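Presented as structure tokens, the chain that follows is alone, the form deposited in one PDB entry.
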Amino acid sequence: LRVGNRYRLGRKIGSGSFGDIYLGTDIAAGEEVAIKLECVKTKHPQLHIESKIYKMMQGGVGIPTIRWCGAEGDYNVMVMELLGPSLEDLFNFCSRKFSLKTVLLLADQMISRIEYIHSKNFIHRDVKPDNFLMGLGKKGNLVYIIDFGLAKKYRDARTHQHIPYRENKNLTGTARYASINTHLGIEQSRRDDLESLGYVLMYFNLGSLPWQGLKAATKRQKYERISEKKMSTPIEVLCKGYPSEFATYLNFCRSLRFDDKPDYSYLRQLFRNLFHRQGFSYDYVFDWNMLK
């Protein structure tokens, strides 16, 4: 299979519910690429939007490059830089066990990516291990963020005027990691991304969250089943037997006002101090770099 003249579609490397991702070859440049395909069917496809957001993000550390956008037949096409495995894939590879050092190494970078997205007037609204990828080669130590499928402006580009507080929202992201605010149908802001990262971190520590694996025919039902267990579990019980810093983090994030600018530095500082007190070095050796 080919896409136009310049690209070679290889084998599928990811299924997204938005589109599917193929490993590919830029034949004209002699470089491996990732190629996202979306089928056009209505007059509101969303890959055109996602690519316009990627482009506004460019020149960010841990933002993949976009090489080409256009259409062939009834498919929208996005060609981007190829990245390594997801943190979900790496977790599975490491037997669903990460060391505290690996979790803290990741935490520092994952706050910084989210910060950078917020600095560009957007919230992500789909923060999950699947959506963080390690780079390849010289970028093997660099955590990337992908999938701006569900991203939106939280403040005016011009004025920095925050979006107003609104309720009864469409529950559209992944329920395992959704903020308590998202569960009550409250409009998402910067605090919701950072809380979601909190649940991602405790996911890596535990191996699973105590609200996982609950069957539902519907997306609405998935959120509601998880909501009950989540809202009945104190931050302090969730994180018990782990460094206080994981509690302090989730607590800080839940205490933020709708339209508060987070202290991204403080949250980074928390994990750094724990990191140094444990006696770890920032050598960028994750558990999987030790595989012989």
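All residue numbers refer to positions in the sequence shown, first residue = 1. Between two forms, the rigid core is the largest collection of C-alphas that superpose within 1.5 Å.
This protein has a second form, the form solved in complex with a partner chain, left out of what is shown; the following refers to that one.
Novice: Pick from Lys120, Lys219, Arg155, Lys101: which residue has any heavy atom within 4.5 angstroms of the partner chain in the deposited bound form?
Specialist: Only one option qualifies, and that one is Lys219.
Novice: Considering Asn181, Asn141, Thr172, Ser112, which brings a non-hydrogen atom within 4.5 Å of the partner chain in the deposited bound form?
Specialist: Comparing distances to the partner chain in the deposited bound form, the residue within 4.5 Å is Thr172.
Novice: For the chain seen here without its partner, which of 219 to 227, 24 to 32, 237 to 245, 60 to 68 has a heavy atom within 4.5 Å of the partner chain in the deposited bound form?
Specialist: That would be 219 to 227.
Novice: May I ask you to state whether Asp147 is within 4.5 Å of the partner chain in the deposited bound form, using heavy atom distances?
Specialist: So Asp147 counts as contacting the partner chain.
Novice: With a 4.5 Å heavy atom cut-off, would you call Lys128 a contact of the partner chain in the deposited bound form?
Specialist: Taking the distances in the deposited bound form, the answer for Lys128 is yes, it comes within 4.5 Å of the partner chain.
Novice: Evaluate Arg176 for contact with the partner chain in the deposited bound form, applying a 4.5 angstroms cut-off between non-hydrogen atoms, and reply yes or no.
Specialist: Contact with the partner chain, yes.
Novice: Looking at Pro210, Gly207, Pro164, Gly73, which has a Cα shift of 2 angstroms or more between this form and the one not shown when the rigid core is held fixed?
Specialist: Among the listed residues, the one whose C-alpha moves by 2 Å or more is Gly73.
Novice: When the rigid core is used for the superposition, does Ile53 move between this form and the one not shown (threshold: C-alpha shift of 2 Å or more)?
Specialist: Comparing the forms between this form and the one not shown, which are aligned on their rigid core, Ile53 does not shift its C-alpha by 2 Å or more.
Novice: Rigid core superposed, CA of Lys240 - does it shift 2 Å or more between this form and the one not shown?
Specialist: No, because once the rigid core is superposed, the C-alpha of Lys240 moves less than 2 Å between this form and the one not shown.
Novice: After fitting the rigid core, is the C-alpha of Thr174 off by 2 Å or more between this form and the one not shown?
Specialist: No, shifts by less than 2 Å.
Novice: Since the CA distance of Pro64 and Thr42 differs by 3 Å or more in the deposited bound form, is it closer or farther than in the form displayed?
Specialist: It is closer: in the deposited bound form, the C-alpha atoms of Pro64 and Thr42 lie at least 3 Å nearer than they do here.
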